[PDB]
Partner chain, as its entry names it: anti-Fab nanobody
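Presented below, as structure tokens, is a lone chain in the form deposited without its partner chain.
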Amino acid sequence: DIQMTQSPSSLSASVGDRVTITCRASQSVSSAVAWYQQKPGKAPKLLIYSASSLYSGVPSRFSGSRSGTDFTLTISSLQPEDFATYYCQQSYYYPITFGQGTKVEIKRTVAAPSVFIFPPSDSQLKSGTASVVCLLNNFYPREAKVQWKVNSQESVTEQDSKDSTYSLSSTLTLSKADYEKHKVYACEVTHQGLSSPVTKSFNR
């Protein structure tokens, strides 16, 4: 196959930025590259063919070009509406390959996670599986980590429409017996917007 590596894995930028995503083909390519702008949920769209041919209907702010095995996709004015993931694909050989997408996030003032902690409710404890929920709401950027002190299924929501915010719900599910064996539960939040880790906890 042909490992169409792409960079960056994800980039951050606001309206008016000049974004540049670099797609390098491990093997040689001959101006066969396409960049698909998949919004979350909707289906991929064509942007670029021939490595440089503006597909009809693509706004003129979009462009790309070739410099060997390093094709590149540029967005002169990253509008509020052109946020998606962008996959690069060598349509040259078979089997075809796509890139690995480079999410174009939104940018805001580095914010700390409004943190809450929630223990299993009585209804749940009766069922037998306790799901402690460590909520890290309104937290920017998505880079945060949660540590459990006494099997963690972070469910990182997507960027909010109000102010570009992430909300994470670190769910730790445990069996009734093992849950009872411990007494003190805690989640610790490490965030680039926090000076030091923020630890919340409760007791069984």
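Numbering follows the first chain given and starts at 1.
Novice: Look at the stretch from residue 150 to residue 151 and count the residues of the deposited sequence that the entry does not model, then pick none, 1 to 3, 4 to 9, or 10 or more.
Specialist: Count of unmodelled residues in between: 4 to 9.
In what follows, reference is made to the form deposited with its partner chain bound, a form of this protein that is not presented.
Novice: Taking heavy atoms and a 4.5 Å cut-off, does residue 178 contact its partner chain in the deposited complex?
Specialist: Contact with its partner chain, no.
Novice: Does residue 145 reach its partner chain in the deposited complex, with heavy atoms at most 4.5 Å apart?
Specialist: Yes, residue 145 lies within 4.5 Å of its partner chain in the deposited complex.
Novice: Would residue 192 count as a contact of its partner chain in the deposited complex, using a 4.5 angstroms cut-off between non-hydrogen atoms?
Specialist: Residue 192: contacts its partner chain in the deposited complex.
Novice: Sequence order please: the residues of 107-125 with a heavy atom within 4.5 Å of its partner chain in the deposited complex.
Specialist: Heavy-atom contacts within 4.5 Å come from 107, 108, 109, 110.
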